[PDB]
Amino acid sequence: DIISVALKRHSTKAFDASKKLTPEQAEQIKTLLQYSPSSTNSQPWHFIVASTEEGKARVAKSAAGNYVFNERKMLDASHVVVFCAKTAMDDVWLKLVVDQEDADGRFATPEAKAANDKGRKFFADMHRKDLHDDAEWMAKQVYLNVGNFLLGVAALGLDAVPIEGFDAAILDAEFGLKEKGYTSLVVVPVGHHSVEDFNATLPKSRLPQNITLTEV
């Protein structure tokens, strides 16, 4: 079941470059990215899915300097997902989200739509006008998406590794993200592990629940 998946998945340290996702799997990973929940359904994100050699090479430019030992993961995997967050929460995006919810038939009346918009703005304004942490708030939603994604891809029988060891300034510049209103946060190569993936057979290790978990 899903608990078996959670207990058996791992962060892949080396990919077999001959092993590709099926077209079906490639569509399934896009669906996972799209259907993640987020605060107010704000979906404050953009994904770059690199599957060509040229595309993956562009992403791998970010595995520079002290991050060079992540480069092969980006090159050898089948599909490499760059998770990006918006850099500021703007009204046009808030309108885009509520209009999409309306198109999907979530509102019975104009009043219901207006109440949803008002509630979304309560949370958005708390972050972007009061706390001034909307960049962080949106980034947190993207990390939530990554968590959904890693479990989902494992459940599809695919290997992956989440990567923070990359140069986001290089990756942003490579895809012109800043000027488009986004910034790169996590890179996740997806594919099938190779024999060089020493982590595939190592035991999982987590802190005991008697440290991390209180029942009340």
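All residue numbers refer to positions in the sequence shown, first residue = 1. By rigid core we mean the largest C-alpha set that fits within 1.5 Å across both forms.
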How do 115-123 and 83-91 compare in 5 other deposited structures of this protein: which one has C-alphas farther from this form after the rigid core is matched?
-> 115-123
Between 126-134 and 111-119, name whichever shows the higher mean Cα B factor according to the PDB entry.
-> 111-119
Mean Cα B-factor comparison, 64-72 or 181-189, giving the higher one as deposited | 64-72
Compare the C-alpha B factor of residue 18 with those of the other modelled residues in its chain, then answer lowest, middle or highest third.
-> highest
Is the Cα B-factor recorded for residue 194 in the lowest, middle or highest third of its chain?
-> highest
What third of the chain, by the recorded C-alpha B-factor, contains residue 35?
-> lowest
Temperature factor at the Cα of residue 153, chain-ranked in thirds, falls in the lowest
Entry-reported C-alpha B-factor of residue 175 relative to its chain, by third, is highest
